[PDB]
Number of protein chains: 4
Amino acid sequence: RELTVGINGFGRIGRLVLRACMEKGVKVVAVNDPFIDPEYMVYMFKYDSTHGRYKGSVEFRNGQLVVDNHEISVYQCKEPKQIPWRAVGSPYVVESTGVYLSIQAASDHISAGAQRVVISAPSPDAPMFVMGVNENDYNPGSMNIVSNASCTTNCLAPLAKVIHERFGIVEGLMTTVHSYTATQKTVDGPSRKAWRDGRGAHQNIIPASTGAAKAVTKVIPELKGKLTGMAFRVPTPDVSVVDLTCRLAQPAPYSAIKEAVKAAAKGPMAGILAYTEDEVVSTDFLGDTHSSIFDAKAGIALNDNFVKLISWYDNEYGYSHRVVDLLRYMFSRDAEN
Amino acid sequence: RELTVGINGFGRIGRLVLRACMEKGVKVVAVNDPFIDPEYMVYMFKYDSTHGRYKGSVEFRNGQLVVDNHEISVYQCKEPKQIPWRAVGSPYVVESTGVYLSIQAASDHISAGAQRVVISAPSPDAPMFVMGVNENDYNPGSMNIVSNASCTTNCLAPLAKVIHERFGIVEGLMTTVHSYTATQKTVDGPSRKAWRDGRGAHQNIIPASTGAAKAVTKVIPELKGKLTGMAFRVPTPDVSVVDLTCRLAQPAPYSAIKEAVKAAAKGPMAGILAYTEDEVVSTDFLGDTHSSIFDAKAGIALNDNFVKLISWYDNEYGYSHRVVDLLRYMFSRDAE
Amino acid sequence: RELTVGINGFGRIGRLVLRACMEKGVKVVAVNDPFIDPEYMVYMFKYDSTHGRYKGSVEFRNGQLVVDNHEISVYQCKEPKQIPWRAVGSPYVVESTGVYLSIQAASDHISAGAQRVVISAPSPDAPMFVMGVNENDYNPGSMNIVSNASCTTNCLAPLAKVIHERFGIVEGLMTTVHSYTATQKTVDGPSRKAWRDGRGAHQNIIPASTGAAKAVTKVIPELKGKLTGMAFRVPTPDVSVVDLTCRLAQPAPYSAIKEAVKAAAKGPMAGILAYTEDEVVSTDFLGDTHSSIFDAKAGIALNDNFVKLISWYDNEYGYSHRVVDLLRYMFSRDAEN
Amino acid sequence: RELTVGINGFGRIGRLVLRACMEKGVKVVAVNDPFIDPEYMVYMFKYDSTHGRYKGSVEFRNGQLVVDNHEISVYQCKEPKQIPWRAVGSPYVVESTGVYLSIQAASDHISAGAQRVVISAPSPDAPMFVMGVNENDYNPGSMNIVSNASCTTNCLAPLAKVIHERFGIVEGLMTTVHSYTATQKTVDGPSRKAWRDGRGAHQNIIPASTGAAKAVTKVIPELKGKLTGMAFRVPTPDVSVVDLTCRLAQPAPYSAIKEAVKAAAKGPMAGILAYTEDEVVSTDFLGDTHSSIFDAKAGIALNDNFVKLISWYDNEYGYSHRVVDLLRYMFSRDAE
Ligand SMILES: NC(=O)c1ccc[n+]([C@@H]2O[C@H](COP(=O)([O-])OP(=O)(O)OC[C@H]3O[C@@H](n4cnc5c(N)ncnc54)[C@H](O)[C@@H]3O)[C@@H](O)[C@H]2O)c1
Ligand SMILES: NC(=O)c1ccc[n+]([C@@H]2O[C@H](COP(=O)([O-])OP(=O)(O)OC[C@H]3O[C@@H](n4cnc5c(N)ncnc54)[C@H](O)[C@@H]3O)[C@@H](O)[C@H]2O)c1
Ligand SMILES: NC(=O)c1ccc[n+]([C@@H]2O[C@H](COP(=O)([O-])OP(=O)(O)OC[C@H]3O[C@@H](n4cnc5c(N)ncnc54)[C@H](O)[C@@H]3O)[C@@H](O)[C@H]2O)c1
Ligand SMILES: NC(=O)c1ccc[n+]([C@@H]2O[C@H](COP(=O)([O-])OP(=O)(O)OC[C@H]3O[C@@H](n4cnc5c(N)ncnc54)[C@H](O)[C@@H]3O)[C@@H](O)[C@H]2O)c1
């Protein structure tokens, strides 16, 4: 009768989800990754190029990963249907492999003994949630497979909600200037499904499609047809920034925009949306747990109804924190039985 | 009876202007830079981290830089009033130091012997020009000091002109995702006039100003109050991209946008504005001489009146070619 | 009765081998890569983040890649035994996939119709060659599967040959400061066989084992037991540098070392070993076709018998040129029938 | 009756020295930097691209920088002779500007009121110290201006001492693969005193000098003529690694090398020299306070008398901690 968590895919998100669970006191009972044995998991969790050394103890024994004296079972399965989730008492599962994105693909975790699945990416069909925006729409009795959307959606949606509710978004287009990720290549190589994404990640500014802005209209249905966008991948290893250009229905002097964002940050979006007026740059958000940090000085108003709003996000770390927040939220709701 | 060019500030722009002049047959008679001696100028011109080795001969002798057998006088002065422009026959001067941006600061070149000055950046008061957009407003009678605007302005203005003339820009905002430059720092250091610009250039996405925010509506006055924008400096050493989000007056389905850009690129803006449908990334424009290369596949439309348009530019190389094109244009008009 | 070439694995080396063949007038009859279709091959060959746009025409039609009007057959096979080399008249095959490194693995090309194979990497057992060092040891009648060693070996061996023959190498240890490659990761990810190599390539200086110095003693047997070394992978996308610290038998004033290197560069190692006294840095060798460029000003002599010698190499481009040179050499020798 | 510290040059080293002082309870009474005002110092100290946000409070008021409630006077002088060190009670001064390296240049601090000066770089003439190697040679009677050598010297000297004392270094040569620094350039620009250092720092592997080449045999005189080396600057923003290739007198099988380093790290060089057998890379040492971290698995031996030894260092952070350790050592010795 406590939340327990299983992680499938011990990657950037998977490992940082474990870090967040340790920080928040969420019990992780098992990790599955066929490419990382237990001894190697210790190394990959202990040392991080982006987020530093884990501040605590990491060891292995008895085929287990032991973090701050918490024993975590380690499985080595290539397919969700192979994973023995029943053995660790039917945990809530984070699907962070990147390759099981549909209800059908993720449902094999349920039949292998998972109580619920949270897909750590947009899904073509599983219901999507962004904490601070639409988590109340989760239904414990009808949804065992959900999605926590993307990092970009988690940055954009809270800001879009604040702005739309105060001023009215008539239409908006967004760009994210985004750090490279594990799907990209060190040098020019094959990416048949998205050719630009094969090009050397460290050498290039790379345009890339993203459903993340429209995704904000799955989580904020009033914005259907009113928001879309795209990405540029650039040579930084973490932290990204949303640039939202929108036309507003009611006049929105920039002072009124700042006040609305601050009010949201201090109140209902505390911990999700933050507000700064400092002269920040991307590294200043390494390790930041917010979904969206509004950059007051970087935005521009052409006029009272046409503005460019800028918001930062640690795409690895903020998102991993939201995965945990969504799990905890789901569990508190699922207690409705 | 012929165009001759002097360069003040033998930097990224100054050296690439000399390369462009060599490519386009324009005679450079002198280069001034107090921080680079002739023998050192050979090395800095011969080897380039971004644009490769100079394909030709580079030597020094008799206090001169010699490129492909052309002798270039080398001066070593810290202030424009010190430079002996009269000794090399009153050249047209490129002001590419970054620190003499006003008519007042640049006029010292004229009184030191320069025939004309082209400031290689936006100016608070000198008239600004973008080839393909407003060069015809140059008035030989009354403009001895001019500006070639900025690299971003040279990318944005040709595209904005095409879109505005075809569909009508009601309002627009732009971003440039821009390579780092010489004003930035390798590691966090002082930049009291722009604090974010001091932060390590290779480590950060850095919000910043763009010269295009102010310059674009000087060169296209009809857009005054309808367009501005900002930059993010990112960890690439050259090539940048404009992302222009605009609301349009006339219906602008994306097929019509593509046909409008193509027409401009094949016609009046040939050599200035190009058009691609290839799956391009920033390195694909290293050494491209165009001002603006419209990326058809990267753009997105929300609807027929609200669109995001993407256009690339080699911020060092395209702009340097435009400096040379402006000089040749001025010289031809000065014969009136 | 002309050299014809088949490429297996159209990667950094595979594509740059095709560029070199075009430059040198070597006929490439076919390319095989299961991850790159013909239309996508056009794109990957045309545009290069490191070496610029291909200067010529690239098109596809009739299931073929057409470069400067030369038609090249394109195959899409995952295993060497699947490739129809007989269909294109028994070419000499470049094995540049990175995954068929042994005589046994590469021999399937022979049974599929390849006349010879050149493995574009060190082999555990195929005989290895470095142009300018030991190519004369190739035997047309006994070797159908050979190796062109590695980029580092191709840089080190020519210099080591010059120095050993003039002064005598008593012992030497080398480091290569080397650009990242396709085997590395954009962000921290799994590399179970070599853990450091999983760490983000763009963020880190990464120590990495290399058999490349000892490899110089397979190609220069007199140096057995006398040379080994290691690598640091660093955040550049191409071009690397050898730093060889050696104790010499005969006194070797640095002026005598420079003269020996120059004599080799102007004479028997022309096109293989070059010599500069300019104030060069890594980008200055992008596109350089030499195996080894000796940096006169960067080296140090502690004394007449103990020195550190520095030599540059474009690891992608120089090596790709040597693959072609070795093919042409093999073919001229194989004419012995 | 207590150590007080003044910092001249509030740069990478100056700010990280203030961080180290805050961590180690050392009182900083003043900071001087003509290029950073108090309000700007708050920002530059609070936010760090490499080492993260300062974990504490940072404010300005009354012309002062206030860190965790400690008031620090802020001066704005361009020359040491201008700095009012007497106003803050004759502090021990860190000279971390990079431009006052000689006894003669640094002595102006003494005549302006400094009790002592620690130059944060090798000096042509001031006596140089490496903690764990030769600090005992400091003579309070006769050394008011000293140097803490360089970061590479602080990595190399402790390891060289251990190896030489155990096995005897016959001869050695070293390389440091070193992160870029503030002296380097974002894009190819002028560096007339060291041409390769002008080339774009983020694009290139750059051969360069290391302060350790000359400094190591000043701090370990027994190695004079037996050790020198060079650097390659590469595209990382912090952390560097020494690669020491030496011929040894006594048999040195690699197991014995490991036991010798371990013994030093656990004993007399605790906090200075560390020892790891983990599969480490450069980022793993961000924020490490040790001078030298021996990488057991990365090294290689050709034979029992010829070996290559690898040791890491956070060039910014480890060195800044050593500056503070040297100041505290000097202060304790000055009580004699
Ligand atoms: N990195 C980001 O910024 C980010 C942010 C939000 C969401 N996401 C999403 O999170 C998911 C993972 O992203 P990542 O960045 O962590 O990628 P990653 O490549 O770092 O991690 C994927 C992990 O999954 C493991 N794996 C692969 N196949 C597996 C399988 N069949 N079974 C079990 N494990 C398998 C890999 O070995 C690896 O450790 C993706 O859907 C991604 O879109 C990423
Ligand atoms: N780099 C770009 O992308 C780009 C593009 C368009 C325009 N610009 C503008 O061009 C100008 C030069 O920029 P850059 O990127 O070439 O900078 P840079 O730092 O590379 O070049 C400036 C050069 O001026 C020399 N210099 C400095 N002070 C001088 C003086 N007082 N007198 C003579 N020479 C002096 C320097 O030694 C250096 O060689 C700036 O105004 C910049 O805004 C830059
Ligand atoms: N890049 C260098 O600096 C360098 C230099 C010298 C030698 N090498 C060696 O050359 C070889 C290739 O290196 P690379 O850098 O070009 O790697 P790469 O990853 O860029 O290229 C490998 C190519 O092989 C293809 N491939 C993968 N599996 C295949 C298969 N089963 N059949 C056919 N094709 C397949 C991939 O799709 C890819 O295009 C490796 O052995 C490498 O060690 C690399
Ligand atoms: N960065 C490293 O890894 C490192 C390590 C060890 C030692 N050092 C040495 O430390 C010194 C500082 O290096 P850094 O990397 O901190 O450089 P830096 O450029 O970051 O810092 C120098 C600071 O001095 C200030 N300054 C410049 N001129 C001044 C003057 N005349 N008076 C007062 N302040 C002035 C600058 O505004 C800047 O804040 C150099 O001697 C360097 O060799 C650097």
Side-chain angles (χ1 to χ4, degrees), chain C residues 300-303 306 308, chain D residues 13 93-107 116-166 168-176 178 181 194 208-231 240 242-246 264 268-269 272-273 290-292 309 311 313 315 318-327 329-330 333:
Chain C
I300 319 166
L302 184 71
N303 58 61
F306 198 75
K308 175 188 291 305
Chain D
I13 297 309
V93 166
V94 176
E95 177 33 74
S96 50
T97 69
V99 301
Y100 303 111
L101 302 174
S102 57
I103 289 171
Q104 182 164 26
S107 68
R116 307 280 172 192
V117 178
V118 174
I119 299 164
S120 79
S123 172
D125 57 358
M128 288 186 294
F129 298 101
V130 166
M131 298 297 297
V133 175
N134 75 328
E135 71 271 17
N136 272 66
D137 291 336
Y138 174 63
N139 186 355
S142 75
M143 293 177 177
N144 62 2
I145 302 155
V146 305
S147 152
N148 194 49
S150 73
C151 52
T152 306
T153 314
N154 276 270
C155 175
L156 177 65
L159 179 59
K161 179 168 171 66
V162 170
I163 298 296
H164 183 53
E165 285 177 359
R166 174 63 180 85
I169 295 173
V170 173
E171 52 199 350
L173 285 165
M174 56 91 53
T175 293
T176 170
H178 193 295
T181 67
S209 55
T210 175
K214 272 154 187 180
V216 69
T217 60
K218 291 271 188 265
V219 306
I220 312 177
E222 281 208 317
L223 293 178
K224 197 197 166 184
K226 298 172 171 279
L227 185 59
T228 192
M230 57 166 305
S240 302
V242 157
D243 166 359
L244 172 56
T245 303
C246 43
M269 297 194 170
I272 299 299
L273 176 68
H290 297 94
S291 296
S292 190
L309 305 180
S311 191
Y313 55 120
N315 47 283
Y319 184 86
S320 295
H321 274 261
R322 289 304 87 74
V323 168
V324 178
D325 293 335
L326 179 61
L327 291 161
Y329 179 75
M330 288 167 70
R333 293 285 314 281

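Note that these values count all heavy atoms, side chains included, but never hydrogens, waters or copies made by symmetry. Reminder, nothing fancy here: chain letters follow the sequence lines and each chain counts from 1.
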Practice item. Return yes if some donor-acceptor pair links the side-chain N/O of D/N134 with the main-chain N/O of D/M128 below 3.5 Å, else return no. Key: yes
Review point. If only atom types and distance count, is the side chain of D/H178 paired as donor or acceptor with the main-chain N or O of D/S240 below 3.5 Å?
Key: no
Review point. Short question: side chain of D/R333, backbone of D/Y138 - any donor-acceptor pair under 3.5 Å?
Key: yes
Check your understanding: How long is the gap from OG on D/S123 to CG on D/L101, to the nearest 0.5 Å?
Key -> 6.5 Å
Check your understanding: Say you draw a straight line from CD of D/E222 to CD of D/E165; how long is it, rounded to the nearest 0.5 Å?
Key -> 8.0 Å
Check your understanding: What pair of heavy atoms forms the shortest contact from D/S147 to D/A121, and how long is it?
Key -> OG-O, 2.7 Å
Practice item. Would you give the length of the straight line joining atom OH of D/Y100 to atom CD1 of D/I145, rounded to the nearest 0.5 angstrom? Key: 14.0 Å
Review point. How far apart are the C-alpha atoms of D/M174 and D/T152, what are their side-chain angles, what is the distance that settles it, and do they pass the side-chain contact (heavy atoms from CB on, under 4.5 Å) test?
Key: CA-CA 10 Å; D/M174 56 91 53; D/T152 306; 3.7 Å; yes
Exercise for review: Rounded to the nearest 0.5 Å, what's the gap from NZ on D/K161 to CD1 on D/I272? Could you check?
Suggested key: 12.0 Å
Practice item. Starting from the C-alpha separation in whole Å, work towards a yes-or-no answer on side-chain contact (heavy atoms from CB on, under 4.5 Å) for D/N315 and D/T176. Key: CA-CA 11 Å; D/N315 47 283; D/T176 170; over 6 Å; no
Check your understanding: Shortest non-hydrogen contact from D/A149 to D/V130?
Key -> CB-CG2, 4.0 Å
**Study point:** Where D/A160 and D/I169 come nearest, the two heavy atoms and their spacing
**Key:** O-CD1, 3.8 Å
Practice item. Under the side-chain contact (heavy atoms from CB on, under 4.5 Å) rule, what do D/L227 and D/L156 come out as? Steps first, then yes or no, please. Key: CA-CA 10 Å; D/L227 185 59; D/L156 177 65; 4.2 Å; yes
Check your understanding: When you check the side-chain N and O atoms of D/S150 and D/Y319, is any donor under 3.5 Å from an acceptor?
Key -> no
Review point. Any sub-3.5 Å donor-acceptor pair from D/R116's side-chain atoms to D/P140's backbone N or O?
Key: yes
Check your understanding: If you look at every heavy atom in D/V117 and D/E95, which pair is closest and at what distance?
Key -> CG1-CB, 3.8 Å
**Study point:** Nearest heavy atoms of D/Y313 and D/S291, plus distance in Å
**Key:** CB-O, 3.4 Å
Practice item. Evaluate the side-chain contact (heavy atoms from CB on, under 4.5 Å) criterion for residues D/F129 and D/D137: first the C-alpha distance (whole Å), next the side-chain angles of each, then the deciding distance (0.1 Å), finally the verdict. Key: CA-CA 8 Å; D/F129 298 101; D/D137 291 336; 4.1 Å; yes
Check your understanding: Donor-acceptor pair, D/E171 side chain versus D/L173 backbone, under 3.5 Å?
Key -> no
Point to revise | Heavy-atom donor-acceptor pair, D/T217 side chain to D/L223 backbone, under 3.5 Å | key: no
Review point. Do we see a donor-acceptor contact under 3.5 Å between the side chains of D/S292 and D/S311?
Key: yes
Study note, to complete from the structure: Here the pair of heavy atoms bringing D/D125 nearest to D/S102 is OD1-CA, 3.5 Å
Point to revise | Nearest-0.5 Å distance that lies between atom CG in D/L159 and atom CE in D/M269 | key: 9.0 Å
Practice item. Assess whether atom NZ of C/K308 is packed by more than 12 heavy atoms of other residues, nucleotides or ligands within 6.0 Å. Key: yes
Review point. Say you draw a straight line from SG of D/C155 to CG of D/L244; how long is it, rounded to the nearest 0.5 Å?
Key: 9.5 Å
